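Before any questions on how it binds or moves, here is one chain, the form deposited in one PDB entry, in C-alpha cells.
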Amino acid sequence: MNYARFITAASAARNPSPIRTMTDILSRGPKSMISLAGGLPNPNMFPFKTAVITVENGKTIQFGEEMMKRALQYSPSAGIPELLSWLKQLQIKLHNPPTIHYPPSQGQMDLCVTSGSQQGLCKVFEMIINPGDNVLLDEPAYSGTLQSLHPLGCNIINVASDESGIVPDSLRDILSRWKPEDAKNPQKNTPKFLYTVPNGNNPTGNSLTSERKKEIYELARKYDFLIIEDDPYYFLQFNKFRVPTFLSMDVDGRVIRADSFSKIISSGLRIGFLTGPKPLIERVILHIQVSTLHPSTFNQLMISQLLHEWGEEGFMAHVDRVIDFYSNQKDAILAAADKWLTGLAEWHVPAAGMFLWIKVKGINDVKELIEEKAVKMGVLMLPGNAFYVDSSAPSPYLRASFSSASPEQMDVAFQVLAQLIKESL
C-alpha cells in the first residue's frame, strides 16, 4: 500500500538510465526517419554470424544472420519482450495473481528477467535494507542468501521451522514484540520483510503447506511486511499437486517472487525472473540499468524460442520429465539411507528439490567427521554449519545431494558414512 516504506534513500534516488529515447521514437515513427541519436555499436562488425543449437524433445534452434545480429546487440533492461510476454502468461496460468489488473502504484504485477534469480534477490535486498533493519527468515537457509544479507547490516531474526516449513506460531510470537501500528512509525523498526524458500529448502528439503502460507500472509498484512518468495525449486515438486504460492494469494501486492530456470533448463545461461509489485520491480530495473544493463540477449533468445516452440504444454511436459528423474533419485537415496543409516541418523522425506538433510545421532558436530575422516575414505557430504547465520556453531547435520549419483554410488557412499559414525561414537 505504501511502497516508500520498503525503499532505501539510495534506491529511491535512482532515475532512468541509458539506451533511452533512441529505439522507441524510432520504433513507432516513419521508416524514413534518420536517427544519429543512438549509442548502439554497428553489429555487422561482430564476428559470430550464425548459430545452430540442437534440442532434445524440441525443434532445433537456428539464429540466422539477422537473428544473430539481434542476439549480439543490446536489449531492454527488463528482458526481451517476447520472453516477458510468455513468462507473464505463465505466471497468470500457474498463480493467477490477484494483482494483474491493479493500478501500477498499488502493486500491479510486473516482471523483470534477471541474470539469474539470485541477481534479482540481491537487488531486492539492497533496495529494502538499511543498517539495523529487522528481517525474518528460517534457518537453515541457502548460504548465498546469508552471505548476501550479512554485509547489509540487518538483524536476521530466526523464525522456527519444522518439516512443514516456517511455523506460524513462532512467527506470531516474534511479531508480538511490536504493535501493528508500529509499522507506520519507523522508530522501533518493525520487520521489513520475511524471506523463505517455500519448496525444497536448501539444505533441508522441506516445503511449506498451503494452510501455513495463508496464516503467514495474514500476519504479513497485519504487521505490513513484505514476503520475498525465493522459489527456485518450484518446478521440482514431487507431490501430485503444487502447493499454491504466496504470489497466488497476494491481494495486497506485498509479495516479491523469484523464479529460476537454473535447476531445470540451465544454470550457466544465468536467467531467472522476478514477479512483483510494479513500484518495487521498477527500483530493481533501475539498478540493473546501471549494472549489467540487461541479461544476455543471446541466452534469452535461446530460451524464448525453446519455450515458444514447446508452448505451455511442452514446458510443463519438460518439468514432469525433470520431476520424474529427481523423484526417482530421491527414492534411491532414501533407500540407501534406510539401508545403511541404522538408527545412526534421522531424516525427513524431501518434498521437492535435490537435497537430503541427515541428522547424525550421538555427535555434536560432524564437520570434523567429514572434512577429516570421510575425505580420505573417498566420500564427501556437506556439513550443515554453512547454512546458519552463526556458521561457527556445531552442527550434527549433513546435506546429501541426490541430483547426480547413481544407486551404486549412493550405496557405497552411505556404507562409508555408516562406518564412520559407528567408529566415532
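We call the rigid core whatever largest set of C-alpha positions still superposes within 1.5 Å between the two forms. Shifts are known only where both forms have a C-alpha. For every residue, the number given is its place in the sequence shown, counted from 1.
When the C-alpha B-factors of 334 to 342 and 101 to 109 are averaged, 334 to 342 comes out higher. Comparing 31 to 39 with 59 to 67, the higher mean C-alpha B-factor in the PDB entry belongs to 31 to 39. Each of 294, 150, 95, 188 has a CA temperature factor in the record; the biggest one is found at 188. Per the deposited record, 179 carries the highest C-alpha B-factor of all listed residues (278, 179, 270, 254). For residue 156, the recorded CA temperature factor ranks within the middle third of the chain's modelled residues. The PDB entry assigns residue 23 a C-alpha temperature factor belonging to the highest third of its chain's modelled residues. In the PDB entry, residue 139 places in the middle third of its chain by CA B-factor.
In the PDB entry, residue 171 places in the lowest third of its chain by CA B-factor. In the deposited entry, the Cα temperature factor of residue 183 sits in the top third of values across the chain's modelled residues.
A second form of this protein, the form deposited in another entry, is not displayed here; the remarks below concern that form.
With the rigid core aligned between the shown form and the other one, the listed residues 57, 364, 50, 44 include just one Cα displaced by at least 2 Å, namely that of 57. A decrease of at least 3 Å in the separation of the C-alpha atoms of residue 292 and residue 37 is found in the other entry, compared with the displayed form. Inter-residue distance, residue 231 to residue 58 (Cα): increased by at least 3 Å in the other entry versus the depicted form. In a core-based superposition, a mobile segment is defined as at least three consecutive common residues whose CA atoms each shift by 2 Å or more; between the shown form and the other one, such segments span 17 to 19, 29 to 39, 57 to 59.
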